[PDB]
Amino acid sequence: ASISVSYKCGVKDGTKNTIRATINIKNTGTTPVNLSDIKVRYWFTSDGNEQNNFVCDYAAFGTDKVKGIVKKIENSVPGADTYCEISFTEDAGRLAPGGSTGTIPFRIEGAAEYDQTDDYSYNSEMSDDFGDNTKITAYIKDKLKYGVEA
Ligand SMILES: [Ca+2]
């Protein structure tokens with residue numbers, strides 16, 4: 001069982017209190033994987049924002065099947081004092097070998113203005129197309145399968 005994630009940095013704007021980005025999850029192995037077994041983590045510094053809410057903009061199987069929770073990290077490291085963990089509900093479906101979700105655009109919103117230039121998972125060089133951003137991590141059943149942590 002293996003997966004990859006590809007990533008495009010959001011438009012930039014506009015609104016300084018919104019992190020926007022789009023990911024695509026691909027099954028690169030030889031067996032089907034249920035979406036409900038997959039987690040994606042986006043690692044960042046919340047910059048004093050105590051509240052950080054996740055919103056899913058669009059997903060092919062429905063935005064009501066994408067869940068996000070944002071958690072503070074106890075032992076913070078450079079580039080991450082907070083991560084957003086994206087997961088799927090049991091009815092999101094499954095990815096056959098070679099299958100991919102296509103674009104899932106999302107946003108993380110705060111009450112104050114983020115500085116995305118000190119966020120580990122941010123890569124401003126991937127604005128114009130999807131790239132392989134290995135500063136975003138992904139898991140199958142809680143085992144790391146893509147990217148490099150923290
Ligand atoms: Ca930050």
Side-chain angles (χ1 to χ4, degrees), residues 1-13 15 17-46 49-77 79-111 114 116 119-150:
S2 58
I3 56 166
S4 62
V5 184
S6 67
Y7 159 83
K8 183 186 163 141
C9 185
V11 304
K12 108 182 154 196
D13 255 1
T15 158
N17 66 315
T18 303
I19 293 168
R20 299 243 271 157
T22 304
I23 54 173
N24 182 6
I25 308 159
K26 190 165 160 172
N27 184 338
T28 44
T30 59
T31 49
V33 176
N34 302 326
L35 284 164
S36 72
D37 294 335
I38 290 173
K39 299 183 318 180
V40 176
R41 289 177 190 171
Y42 187 90
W43 306 81
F44 68 103
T45 66
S46 64
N49 274 303
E50 281 289 274
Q51 283 295 91
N52 304 276
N53 302 311
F54 172 85
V55 166
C56 177
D57 288 14
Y58 175 81
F61 40 76
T63 55
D64 62 330
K65 325 264 197 308
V66 180
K67 292 294 137 180
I69 184 139
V70 175
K71 288 190 173 310
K72 311 136 159 67
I73 297 170
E74 320 173 286
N75 294 319
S76 63
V77 298
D81 62 14
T82 314
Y83 64 83
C84 178
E85 184 169 278
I86 302 170
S87 63
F88 309 85
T89 57
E90 213 89 56
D91 53 358
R94 63 184 72 86
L95 290 186
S100 62
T101 57
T103 55
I104 301 171
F106 64 95
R107 66 196 56 196
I108 299 160
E109 292 175 300
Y114 286 119
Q116 294 185 248
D119 301 340
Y120 182 65
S121 285
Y122 178 69
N123 187 334
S124 55
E125 304 198 323
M126 311 174 167
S127 292
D128 298 336
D129 197 358
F130 289 81
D132 188 26
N133 177 358
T134 54
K135 296 155 110 207
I136 284 179
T137 52
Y139 309 77
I140 305 174
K141 299 175 200 266
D142 306 308
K143 300 314 146 87
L144 176 69
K145 285 298 201 180
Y146 175 84
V148 168
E149 289 179 323

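Positions are given from 1 along the sequence. These numbers come from the heavy atoms of this one structure, side chains and all, not from hydrogens, waters or symmetry mates.
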Under the side-chain contact (heavy atoms from CB on, under 4.5 Å) rule, collect the residues that match up with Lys65, sequence neighbours excluded. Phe61, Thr89, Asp91, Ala92
Can you list everything that forms a side chain to side chain donor-acceptor pair (under 3.5 Å) with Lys72? Sequence neighbours excluded, please. none
With sequence neighbours left out, write down each residue that passes side chain to side chain donor-acceptor pair (under 3.5 Å) with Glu90, or none if nothing qualifies. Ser36
With sequence neighbours left out, what residues match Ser2 under side chain to side chain donor-acceptor pair (under 3.5 Å)? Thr28
Can you name the side-chain contact (heavy atoms from CB on, under 4.5 Å) partners of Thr45, sequence neighbours left out? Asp47, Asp81, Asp118, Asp119
Using the test side-chain contact (heavy atoms from CB on, under 4.5 Å), find all partners of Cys84 that sit at least two apart in sequence or belong to another chain. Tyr42, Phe44, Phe54, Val70, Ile86, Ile108
Got a sec, which residues hit salt bridge (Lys or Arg N to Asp or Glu O under 4.0 Å) with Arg107, two or more places apart in sequence or on another chain? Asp57
Would you mind listing every salt bridge (charged side-chain N to carboxylate O under 4.0 Å, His left out) that reaches into residues 121-132, with sequence neighbours excluded? none
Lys39 meets the side-chain contact (heavy atoms from CB on, under 4.5 Å) criterion, sequence neighbours left out, with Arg41, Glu85, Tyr139, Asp142
Which residues pass the ring pair (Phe, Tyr, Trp, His ring centres under 6.0 Å) test with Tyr146, sequence neighbours left out? none
Given 3.5 Å as the limit, does a donor-acceptor pair link the side chain of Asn27 with the main chain of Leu95, or not? yes
Residue list, side chain to side chain donor-acceptor pair (under 3.5 Å) with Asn17, at least two apart or on another chain: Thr15
Partners passing salt bridge (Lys or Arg N to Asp or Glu O under 4.0 Å) against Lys67 (at least two apart in sequence or in another chain): none
